[PDB]
Each structure stands twice: as structure tokens, then as C-alpha cells.
Trainee: 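Below you will find the structure I want to go over with you.
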Amino acid sequence: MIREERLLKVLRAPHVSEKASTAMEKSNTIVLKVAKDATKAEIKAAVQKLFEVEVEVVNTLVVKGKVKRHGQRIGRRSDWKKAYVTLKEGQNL
Amino acid sequence: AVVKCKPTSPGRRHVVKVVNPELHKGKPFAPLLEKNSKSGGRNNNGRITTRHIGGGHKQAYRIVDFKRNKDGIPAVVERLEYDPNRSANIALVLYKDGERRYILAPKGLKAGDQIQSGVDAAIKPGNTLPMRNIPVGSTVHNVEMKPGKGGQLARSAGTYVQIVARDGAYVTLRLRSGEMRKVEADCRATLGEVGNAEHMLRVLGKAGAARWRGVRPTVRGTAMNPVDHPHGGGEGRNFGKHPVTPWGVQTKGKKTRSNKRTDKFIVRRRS
Amino acid sequence: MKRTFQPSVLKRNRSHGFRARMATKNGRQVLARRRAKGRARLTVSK
RNA sequence: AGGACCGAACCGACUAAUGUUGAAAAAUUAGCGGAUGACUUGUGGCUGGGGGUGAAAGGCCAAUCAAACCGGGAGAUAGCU
RNA sequence: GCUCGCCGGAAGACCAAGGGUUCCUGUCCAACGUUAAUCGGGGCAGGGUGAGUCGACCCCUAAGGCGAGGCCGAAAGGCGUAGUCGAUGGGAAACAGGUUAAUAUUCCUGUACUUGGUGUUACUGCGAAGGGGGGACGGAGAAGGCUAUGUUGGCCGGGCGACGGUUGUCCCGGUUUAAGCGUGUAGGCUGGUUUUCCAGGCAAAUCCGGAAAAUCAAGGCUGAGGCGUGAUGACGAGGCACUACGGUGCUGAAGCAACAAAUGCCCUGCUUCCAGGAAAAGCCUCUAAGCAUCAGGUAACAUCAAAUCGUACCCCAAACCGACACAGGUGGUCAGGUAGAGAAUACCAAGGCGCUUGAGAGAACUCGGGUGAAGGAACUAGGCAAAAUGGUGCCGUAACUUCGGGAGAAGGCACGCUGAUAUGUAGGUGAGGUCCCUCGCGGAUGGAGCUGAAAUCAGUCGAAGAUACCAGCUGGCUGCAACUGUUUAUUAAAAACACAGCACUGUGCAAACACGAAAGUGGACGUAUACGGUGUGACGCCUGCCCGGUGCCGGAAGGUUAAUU
Ligand SMILES: [K+]
Ligand SMILES: [K+]
Ligand SMILES: [K+]
Ligand SMILES: [Mg+2]
Ligand SMILES: [Mg+2]
Ligand SMILES: [Mg+2]
Ligand SMILES: [Mg+2]
Ligand SMILES: [Mg+2]
Ligand SMILES: [Mg+2]
Ligand SMILES: [Mg+2]
Ligand SMILES: [Mg+2]
Ligand SMILES: [Mg+2]
Ligand SMILES: [Mg+2]
Ligand SMILES: [Mg+2]
Ligand SMILES: [Mg+2]
Ligand SMILES: [Mg+2]
Ligand SMILES: [Mg+2]
Ligand SMILES: [Mg+2]
Ligand SMILES: [Mg+2]
Ligand SMILES: [Mg+2]
Ligand SMILES: [Mg+2]
Ligand SMILES: [Mg+2]
Ligand SMILES: [Mg+2]
Ligand SMILES: [Mg+2]
Ligand SMILES: [Mg+2]
Ligand SMILES: [Mg+2]
Ligand SMILES: [Mg+2]
Ligand SMILES: [Mg+2]
Ligand SMILES: [Mg+2]
Ligand SMILES: [Mg+2]
Ligand SMILES: [Mg+2]
Ligand SMILES: [Mg+2]
Ligand SMILES: [Mg+2]
Ligand SMILES: [Mg+2]
Ligand SMILES: [Mg+2]
Ligand SMILES: [Mg+2]
Ligand SMILES: [Mg+2]
Ligand SMILES: [Mg+2]
Ligand SMILES: [Mg+2]
Ligand SMILES: [Mg+2]
Ligand SMILES: [Mg+2]
Ligand SMILES: [Mg+2]
Ligand SMILES: [Mg+2]
Ligand SMILES: [Mg+2]
Ligand SMILES: [Mg+2]
Ligand SMILES: [Mg+2]
Ligand SMILES: [Mg+2]
Ligand SMILES: [Mg+2]
Ligand SMILES: [Mg+2]
Ligand SMILES: [Mg+2]
Ligand SMILES: [Mg+2]
Ligand SMILES: [Mg+2]
Ligand SMILES: [Mg+2]
Ligand SMILES: [Mg+2]
Ligand SMILES: [Mg+2]
Ligand SMILES: [Mg+2]
Ligand SMILES: [Mg+2]
């Protein structure tokens, strides 16, 4: 059993974009920013416990942070993980 | 048999091959095969320690029974085979208990011949015995230098040793080199000569045939510069020095045997 | 024409990487010298 | 069958012209040699500096080779400019 | 947007390596872009990479690396055993269609497959660090069966033509469909089964190996492709409908045959040769300790699981290696048409581009080309360069020769198109039909239809028919090196190096020799028909005299002679 303290930390934010909205409106999939060390199983248990919806499957990918210049000083944004979470067809998230 | 190639190309004009139709045409006996990967003449330091070795065809090692230790159980020759690791042909023999072994193939040995080892064996080619049981004056091959160690003398194609005399615990052998050598009379020897005596009649014919055997080119010392070889240098073809190895030791007549530990076993040097 | 630097990450890491440096006392002295100079990047690993 | 023949890919580099503050710190163009072999190529590995490797040209060993490169002895020494 | 032009075995497409956001969208034009720039691989902001099946990770090993103890070494360290790492190799599994501005074998639809964990029910001998099998392996060549793919016809939709003709033997377009499952075919290999016995497989074995009888005569393994199914589906020329003119939504015809055909597949096959062609695991099987109506094995069905990391984009290049948006370099895969032997070459398709300064002018001179009266090597160091030859079939071809060659020697004739032979021939392919059948992807006959060289004879146009691109110049004497190879990366390719062959010499195996204070390692898991060193350099005829000097080999009397005493 995955702990509630662990589940309360693995979902960081909903992800907002046209691809995310099309996913939600076309295939019942929510797009979330998640902890970089999170697994698909943790993500599934967390979205089921903390959003009270039923989860079909979780697809995940790592987004590489961009190299940027601030006043012509080089830095790098952080990597993060994105979860495509497919719900069970009647779940209303 | 020995056969000349027709001169249909300059690389074929001088080829003389030794073709033996009795040799097994197919694959060797798998349970006696081992990998032997090549050295390039380099040791565990990665340095070339013997020049002129490299490339050539891939070869599998055949486990050959040089000890001939299965005493008292006859074997029958199944087939003679080509062995890429040596000049002699080998013979796959089947022991009456069901074990198969490879042996050096002696002259005259063919599929269906019966062989045996041990003090009780008949005196016929292919049979192995301690040399105390072998008549004086016999021709043997694959001769042991220490009892139980395995054959070490007269193993190359067409070679053999003559038992010249027996005196106590030692036999005296005339080696193929011409040397007279003492060996313990308990040491074993197989009767007859090594087969494939035509091996030396072959003519490679072209440089590539030497390369197929893993033999890389020899550069003459006099073709080099002084920094590379004592023979190096000269404006034109010059020599004017006593011939030496690349490391400066005289190489026309100077003796190098230095073994006081085994001198006692030499009766007469090869001459 | 073929120039001298033909990159390969595997060969780079095996030849000059942190663990190759650590594998021998002379490599470890390389790392000591670079740490004492204050290099931001000790090896090709990063 | 063949270190066989003609000939693309592929590997080379005999001739000429161009180029020579180049398109290029060795190329381009027209021709040229090998092209089943002692062939050629990818990936990885081993050999380390009086050492390696060399079908041998003192060739090659990171555009560096009759002794690599980096640091040190080191402000070598310089009856010379 | 319309024209034009260029590549098309690439200048198209997909990747690996390498790079790392260069990808898409909005916005900006200072700098960067060899010009301008409204544009960009430039600035800024946002977005974008979705996997049980692809790859990594993982299991397994190669070369090699590291290496407990160990052996060795002033120290540092060297080597190496048991082991443990190490892919460039072996090992489970997914395809077609649709979709985004940007991902997809990853999302969606449809249809599949693999391994493992538990839970039932049934039948049970299960058990490995061990034994056996299998995995499992070369070069070349030959041929047959196939498919990818193409062409033509049929079919279906459309068309009737800017200028003579075009309802036809006319024109344009389409005619696609997977894995999986069933079938076990062309074809390859192998005799099969039952019992008994046994010095072998470190012990055991019911497994393998061996031996013995009996009996059956086809059993078994493997196998492209085809056919059926998947699919009453998908797609689909086009039509319609809107469109923020970038494209979207709807609808949907035919969807067959014959012929040709790979370098791909059967094929890890077959044939043949010598130079004689990885390993280990997965997998199968056998037993040992042991467990022993348990565990556990097999089987079916049910349920759960298959994590994690990569996935954008360039990738013969403006994104990689070359300081550059650099005429260089970079491994793999895909492979249409006409002509052609062809992956050459020309022109094209799909697809992609016109190379990030232009506009004029029409001097010398330079560069890259075209043509040239008469002469034709007079040029020059030298025919340098250029010009020339150039294909196929047939005729024909000298000296010399190692009998293979020389040789494509040299030289010559034919060559386009049309008609007939023969409304399309020799040949290749092959339907219907029939007959037999150990009954199917069967055999025997039969030949419609399709495809189709070459020749002969006659005719005919041009100056010219191998018409373009493409494509040997030939001969005579002679030096050197036998030859194919190798070489001064970047002024030398040669006569130099190598070479097969020859000879001398060392070397008896703990070999000589080489690397190494050493342990060791190579030589070699070789053994004098072997191995090292040296010189010579295919082959033919040969290789004469000198041992005084220097070296090497042998001698061992006598002289001289170290440490030591
Ligand atoms: K010389
Ligand atoms: K010289
Ligand atoms: K040096
Ligand atoms: Mg999914
Ligand atoms: Mg993923
Ligand atoms: Mg040698
Ligand atoms: Mg030689
Ligand atoms: Mg020289
Ligand atoms: Mg010298
Ligand atoms: Mg001279
Ligand atoms: Mg002289
Ligand atoms: Mg050839
Ligand atoms: Mg070269
Ligand atoms: Mg060229
Ligand atoms: Mg030639
Ligand atoms: Mg050629
Ligand atoms: Mg010189
Ligand atoms: Mg250099
Ligand atoms: Mg020096
Ligand atoms: Mg000093
Ligand atoms: Mg100074
Ligand atoms: Mg950027
Ligand atoms: Mg862009
Ligand atoms: Mg401006
Ligand atoms: Mg500008
Ligand atoms: Mg940009
Ligand atoms: Mg190893
Ligand atoms: Mg070690
Ligand atoms: Mg230790
Ligand atoms: Mg491993
Ligand atoms: Mg691999
Ligand atoms: Mg894309
Ligand atoms: Mg077909
Ligand atoms: Mg081929
Ligand atoms: Mg992509
Ligand atoms: Mg440019
Ligand atoms: Mg470029
Ligand atoms: Mg290339
Ligand atoms: Mg072309
Ligand atoms: Mg002009
Ligand atoms: Mg001119
Ligand atoms: Mg002209
Ligand atoms: Mg003229
Ligand atoms: Mg004229
Ligand atoms: Mg004339
Ligand atoms: Mg003249
Ligand atoms: Mg003159
Ligand atoms: Mg010329
Ligand atoms: Mg010309
Ligand atoms: Mg002369
Ligand atoms: Mg030559
Ligand atoms: Mg040549
Ligand atoms: Mg040069
Ligand atoms: Mg040159
Ligand atoms: Mg040894
Ligand atoms: Mg010579
Ligand atoms: Mg000569």
C-alpha cells in the first residue's frame, strides 16, 4: 500500500495547454505536472485518492528544462515529469 | 596425393597442393572442439614478442589425446580428419565403452583399423606402449619425455623416432633432428610414423597463401635504417658486418643452447 | 578530410571519465590537482 | 577455379590545369589504379616515448616526430645578437 | 500564384553515432545572416517528446578489463585464480488504419501476441553450482520455387478538348488492404519404434554415447510463398459543403486478371573447396543431495503485473568532425518509369531544391569550353596538354611462350525504320476441360489467353542508324622488377619494400628467442615435415678459386692469467 503522505506529494499541478484541453475533451485524459521520481502506480493511486476519480491508465514522460539567458547569463530550467492520466469514461475531472 | 595447379593465373602457376580424399569432408566432432583465439605474437604485456604472426583463418582447437591413457580397451578408427592446428592429420577413434577421442593419425591408419594402448598391446601402428615393451629398433612417434606427461617428440607430419638401445631404466632414441637422447623406459610411444608425410611437398605458390596461415611479412634487417636494426644503413646496398639478430646476437653459427639441467640426457647433439 | 576529433561518448567516458581517473593513483592525483586549482568541472563526465 | 579479366558502389592517388591572403592548413575538375582479396568497412579492445608500431619511407604514434604532448628541475647555459 | 530551371543509387526518404531544443506557434529586426530582409537554425515568450511488444535497462557471453585469496616486486606497484564486468554478437512479445501546429508500431479505433505472480480444478515424481542436447556459426558457386515491385488488359469514375483531327484499336485517374489465426505447400534433412546389455559422459541417470536382437517400413523435424480468415471493416478516384483561403466536415465507385520480376525470401539450405570456419545463456532433457499422499511439475481456466530511462528536431548535414551558414569527411537501411548488361549513363516520377549580394556592360588579360583554311610533332626536356580510339554479333589474327597465354593482337563486315516469313516465329508462362488418385496447396494429358528474342528476304529516309549520354588508340625495339600487392598522411609509387621459392644457421621443449628487477606471458595448448634469426628473391641454365685478415665452430697439451689463499 502506498502511503497517503507519499500520495499527497506526487501531484504538483494541472498542466494547462491546448494539447491538454484537447486531451481532456477528446479522450478523457487529464495532464498533470508530477514529481520527477513519481511512478505510474503512485500517480494512479494519488489521482484516485485525492481526486476521487477512477483511473484507466497513466502515461508519463520527462520534459527537459530549457537553457535560457537572463541578462545574458546562462542558466537551465529544471526537468519535470508530465502525466497523461486517462480516466474511466464517466469520471468528470 | 600431390597435384600441380595449372598456370591459369600467375598466383596459381607455382601452387602444389596435397589433396587427401580420405579426410572427412564435414564438420569435426563437436565435443572435442575448443575455441583458440589468436595472439598476433603479443604477450600479456601487449607487446609483440614473436614477430611475423597475425591474421590468417579462424581455427577451432581439437582436443587431441597425446597421453593415450585408456589402457586395455580397444578403439576403432571412425574417420581421419583435417586439423588446422598442426601438420599431422588426426583420427577420431571410438572406444568400446562408447568414448570418442582424437589421436594423431599415423602412416597407414584408416577407418576401421583397431588400436589399443597399454603394456598388453600388440606391436602394430597406432598402438601405444611404454617403451620398455617396444622392441629395440622400432619406429615410434608421439614419444613421452616423462612418464604420464603425454607425447611431445615426433608429432609433426611424417616424423618418427627410432629406439636405438635400451640400458636399464632408460632408452636411447634417435630423434628426427639427428640427436641422440635418453628418455625413461617407462615413457610411452606410439608405434609407427606420423602420417601426412607429403605435407612438406606442398608449394604455397603466392604471398596470400602464407598470409592465410597467419604469417606476416619478414622485413630484412639490411632493408632498414641503423636505428631499427644492426644491419640497417648504407648508401645503396651495403653490408660489411657480421650477421646478427635484431638484438645484436650473431646469427650464422653461434650456439644458444644453455641448459645444464638437461645436458645429462643428451648423448650426441644433432650434428 | 577526416579530422582528429571523432567523438564517442562511451570511449570518452572510459578514457577520461571520473571512474577511470579514480581507478589509479595517478588519476587520483589528477583529480587532486584539479580540485586544488578549483576547477568547476573535474572530469569529462560532467 | 582464380591474390583471373572488363567495369559502378567502395578503397586509392599516376598526369595535367586551377587554386596558393584557397571553397579547402593538401582540395576541385578532366583523365588514372585496385575492385572475392596480402580487399574494404562499422563498433569495441590492446601496444606509451629511447617506448610503441612499421610489406622499412626514419614512416606513423591527435594539423606536432632522427625521440610526442603537458607540468616540473627552470630565471638550464648563451665567450653570441 | 503561374511559368522556367536543377537533383532524383539523390541534392529524396528513414536511422545509428554525434549534437542538444536547433522542433511548432506568436512576436521582434539592434547584433548575428558575407547584401536588403517584412525572412531565419538570430532575439524574446509560450507550447511540444505519452510504449508490457521499439530501444536502453535486463539475462548471456567475445576481445579485453578488474580481480578475494595467491605468486612476484625497494615503495608505488606487476601478473593472475575463484569470480566479476565488458557488445560490435545470442536471448519473450503488435500490426493496419486515424489523429496534432508540433508525438506516435507510444494517443485513438479495430484486431493480436509474450512473460511472470498469485487463486481454483484436474493429472502427478519434483528436485542442480552437476551430465547430455541445442543454441552453433567459413569462402565460393549453381539452380529452382517465390515475394517486393513493375507493365498491360479488364473494371470503375470522369473527358470529347484554345489550332487540322479525336465516340475510339481515344484520353486522364483509381483499382489498396497488415500483424495475428487456420492450412504444412515448392522444397531441405533424417530411417522409425520396442526391449536387453555396457570399462564412457569426474557421482547418478530413465538423458547422451556404445553393443545386441525383434519389427515396421513411413514416422519425425524444418519450410518461403500461396489460399482462407482478419475485413458486411478500413481505405479509396472523385463529388458535395463550407472555409480565419492553412485546410477542414460529409459522401463514396471499381477495388480483378495475366505477364515480367529481384542483389530481397525459402537458404543457418544445396553443391563444392581449403585457408577448415566464436562463446555463454535462454530453451530441451537427465539424474544427485533432498523432499517425499507436502512442497513442487504438467495442464486448462480466472485474476493481477510488465517498473524505470529514451522518444521533439538535424543526421552525406547550415544542427555531427573540419575556428565559418566552410566545394572536404561521416556507418546502416529504402531502390519507381523509359532506354540500358547495369546501383553506369540520359531524361523523368515520388519527393526536394535554384546553392543569402544584385543590376548593367560586352575592352585587354585570366579561367572553363566550342569551331577552324593549308600544313600535321615542324612544338617541346618529353606529343605535356589536346585530338583520336571506344558498343554488340560474326569473320580473322604473327613472333614468342612457362602451353595458361600473347589476344579485344592486328584487321574487317553488319547495325535505323517498315512489311512479310509468322494477321506474333523459336521460346517462356499457363486457364478451362478431361483422365487417374496413396482424395489435396494431388498427379497425367490438354492446351485457350498472356508474353516473346533472334534471323531471313524485300522495301524505305538521311551526309551520317554502336547517331545523344556512354564507350580500348594501335604497333615495333629495348633497360629494370617474375607476377597480384606495399610505401615517404601533406613535393618521391619506383628499379625501393614485400612475395612464393632457395640457402645458411640456431633451437630436444621449462626450445631457441622476445617482453618483463620478478612472478609470469608470447613462441605454442605447437614439438625438428616445428619454431626463430639471417641473406637471396617466381621460373630456366647455373652459382667457379681463396680459411691469409675479421667472425663463428671445435680443441685442451703447453704459455699467460682474477677473486681467493
Ligand atoms: K641501405
Ligand atoms: K640510403
Ligand atoms: K622521448
Ligand atoms: Mg496505453
Ligand atoms: Mg515512456
Ligand atoms: Mg619469422
Ligand atoms: Mg622469407
Ligand atoms: Mg631506406
Ligand atoms: Mg646500431
Ligand atoms: Mg654501393
Ligand atoms: Mg665494400
Ligand atoms: Mg582481380
Ligand atoms: Mg596510402
Ligand atoms: Mg578525381
Ligand atoms: Mg589490371
Ligand atoms: Mg577493374
Ligand atoms: Mg634515408
Ligand atoms: Mg601527425
Ligand atoms: Mg633526446
Ligand atoms: Mg637548476
Ligand atoms: Mg633563459
Ligand atoms: Mg535557442
Ligand atoms: Mg523552424
Ligand atoms: Mg535595418
Ligand atoms: Mg545585414
Ligand atoms: Mg529561432
Ligand atoms: Mg575474460
Ligand atoms: Mg590483474
Ligand atoms: Mg590482493
Ligand atoms: Mg555479465
Ligand atoms: Mg549489441
Ligand atoms: Mg515530425
Ligand atoms: Mg507479385
Ligand atoms: Mg551482390
Ligand atoms: Mg522523431
Ligand atoms: Mg551559403
Ligand atoms: Mg558542408
Ligand atoms: Mg562513404
Ligand atoms: Mg547517376
Ligand atoms: Mg568574354
Ligand atoms: Mg581560352
Ligand atoms: Mg576544335
Ligand atoms: Mg586546322
Ligand atoms: Mg582541314
Ligand atoms: Mg597526317
Ligand atoms: Mg623536334
Ligand atoms: Mg625546336
Ligand atoms: Mg596525355
Ligand atoms: Mg579528349
Ligand atoms: Mg640502356
Ligand atoms: Mg614489381
Ligand atoms: Mg601493382
Ligand atoms: Mg608525399
Ligand atoms: Mg605522388
Ligand atoms: Mg613457456
Ligand atoms: Mg634483393
Ligand atoms: Mg636480383
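So that the names make sense, note that chain A is the first sequence line, chain B the second, and so on, each numbered from 1. Reckoned from all heavy atoms, side chains included, excluding hydrogens, waters and symmetry mates.
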Trainee: For C:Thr4 and B:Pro226, find the nucleotide of RNA chain D closest to each by heavy atoms; which residue's nucleotide sits nearer the 5' end?
Mentor: B:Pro226

Trainee: Expressed as a whole number of Å, how far does the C1' atom of D:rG54 sit from that of E:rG73?
Mentor: 33 Å

Trainee: Without decimals, in angstroms, what is the distance between A:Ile74 CD1 and E:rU21 P?
Mentor: 8 Å

Trainee: Which nucleotide sits closest to the side chain of A:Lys26: E:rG77, E:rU99, E:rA496?
Mentor: E:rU99

Trainee: Between E:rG48, E:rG533, E:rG520, spot the one nearest the side chain of B:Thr251, thanks.
Mentor: E:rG533

Trainee: Ignoring hydrogens and geometry beyond distance, is the side chain of B:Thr256 in donor-acceptor contact with the base of E:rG506 at under 3.5 Å?
Mentor: no

Trainee: May I ask you to verify whether the side chain of B:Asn43 and the base of E:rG523 hold a donor-acceptor pair under 3.5 Å?
Mentor: no

Trainee: In this structure, is the centre-to-centre distance between the rings of B:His24 and B:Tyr82 below 6.0 Å?
Mentor: no

Trainee: Would you check if B:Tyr61 stacks with the base of E:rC525, given a 5.5 Å centroid limit and a 30° plane limit, both strict?
Mentor: yes

Trainee: What is the pairing partner of E:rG157, taking Watson-Crick or G-U wobble pairs with both distances under 3.5 Å in any strand?
Mentor: E:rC172

Trainee: May I ask you to verify whether the side chain of B:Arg211 and the base of D:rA38 hold a donor-acceptor pair under 3.5 Å?
Mentor: yes

Trainee: Taking E:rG390 as the reference, what is the distance to E:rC470 when you measure between their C1' atoms (whole Å, please)?
Mentor: 10 Å

Trainee: With a 4.0 Å cutoff (strictly under), does any side-chain N or O of B:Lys206 reach OP1 or OP2 of D:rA38?
Mentor: yes

Trainee: Please give, in whole Å, the distance from E:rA528 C1' to B:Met180 CE?
Mentor: 15 Å

Trainee: Do the side chain of C:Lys25 and the base of E:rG77 come within less than 3.5 angstrom through a donor-acceptor pair of N or O atoms?
Mentor: no

Trainee: Does the E:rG47 base have a donor-acceptor partner in the side chain of A:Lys66 within less than 3.5 Å?
Mentor: yes

Trainee: When rounded to the nearest Å, what value does the distance between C1' atoms of E:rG228 and E:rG440 take?
Mentor: 15 Å

Trainee: Base of E:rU21, side chain of A:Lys64 - is there a donor-acceptor contact under 3.5 Å?
Mentor: no

Trainee: Between B:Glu22 and B:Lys110, does at least one N-O distance fall below 4.0 Å, as a salt bridge requires?
Mentor: no

Trainee: So, does B:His52 get its side chain near the phosphate of E:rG533, meaning an N or O under 4.0 Å from OP1 or OP2?
Mentor: yes

Trainee: Assess whether one donor atom and one acceptor atom, taken from the side chain of B:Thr50 and the base of E:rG532, lie less than 3.5 Å apart.
Mentor: no

Trainee: Taking the ring centre of each residue, are A:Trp80 and A:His15 less than 6.0 Å apart?
Mentor: yes

Trainee: Does the base of D:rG52 carry an N or O that pairs as donor and acceptor with the side chain of B:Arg47 under 3.5 Å?
Mentor: no

Trainee: Ignoring hydrogens and angles, answer whether the base of E:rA500 and the side-chain atoms of B:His14 contain a donor-acceptor pair closer than 3.5 Å.
Mentor: no

Trainee: Using only heavy-atom distances, decide whether a donor-acceptor pair under 3.5 angstrom links the side-chain of B:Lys252 to the base of E:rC504.
Mentor: yes

Trainee: Decide whether a cation-pi geometry holds between B:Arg155 and B:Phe66; the criteria are a distance under 6.0 Å from NZ or CZ to the six-membered ring centre and an angle within 45° of the ring axis.
Mentor: yes

Trainee: Between the side chains of B:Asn85 and B:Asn36, is a donor N or O closer than 3.5 angstrom to an acceptor N or O?
Mentor: yes

Trainee: Of the listed nucleotides (E:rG277, E:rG551, E:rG48), which one gets closest to any side-chain atom of B:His242?
Mentor: E:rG551

Trainee: Quick one: is B:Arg202 getting a side-chain N or O under 4.0 Å of the E:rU529 phosphate, OP1 or OP2?
Mentor: no

Trainee: For D:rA25, does either OP1 or OP2 sit under 4.0 Å from a side-chain N or O belonging to C:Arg3?
Mentor: no

Trainee: If I read the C1'-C2'-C3'-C4' torsion for E:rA489, does it come out on the north side (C3'-endo) or the south side (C2'-endo)?
Mentor: south

Trainee: Is there a donor and acceptor pair, one atom on the side chain of B:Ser177 and one on the base of E:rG508, closer than 3.5 Å?
Mentor: yes

Trainee: Nearest to the side chain of A:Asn59 - E:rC107, E:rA510, E:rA76?
Mentor: E:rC107

Trainee: Determine, answering yes or no, if B:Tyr82 is stacked on E:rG276 under the 5.5 Å centre rule and the 30° plane rule.
Mentor: yes

Trainee: To the nearest Å, give me how far apart CH2 (B:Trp212) and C1' (E:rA500) are.
Mentor: 12 Å

Trainee: Can you tell me if B:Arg220 touches the phosphate of E:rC497, counting only side-chain N or O atoms and a distance under 4.0 Å to OP1 or OP2?
Mentor: yes

